[PDB]
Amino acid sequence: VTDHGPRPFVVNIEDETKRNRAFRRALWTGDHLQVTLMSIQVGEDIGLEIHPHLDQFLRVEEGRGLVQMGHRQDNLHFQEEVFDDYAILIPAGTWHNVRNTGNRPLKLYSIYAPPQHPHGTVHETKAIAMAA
């Protein structure tokens, strides 16, 4: 998996998402949307964030997690479990986090609109992402 954006592209997304081991790997960066793959370690979270300029779609391909969202950083009153087959919609301006609560890495893909990361972004680990 390298970043194939902005090419017309067909991919087995189930398989690439499950095979990916990086915290974040850009798969396709276009002018208007970006697809990244994420593998989140047991006990780990993406990290609380807010994106006022973009919407995000996440799809869980494997594992179990906890999604936390709110209007304000100090009140994440939306708290829902997510599992294999689930999608999460994160509208612009909503504070959010996703925590792995299961017993294996949590495998998901993320679609940002508009794009968030540089073309070809790879953060192998959470620590690397945080530093970036």
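Counting begins at 1, following the sequence as shown.
For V82, the recorded CA B-factor ranks within the middle third of the chain. Only modelled residues enter the ranking. Split the chain's modelled residues into thirds by C-alpha temperature factor. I13 is in the middle one. Compared with the other modelled residues of the chain, the Cα B-factor recorded for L66 ranks in the middle third. Sorting the modelled residues of the chain by their CA temperature factor places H119 in the lowest third. Per the deposited record, the Cα B-factor of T94 falls in the highest third when ranked against the other modelled residues of its chain.
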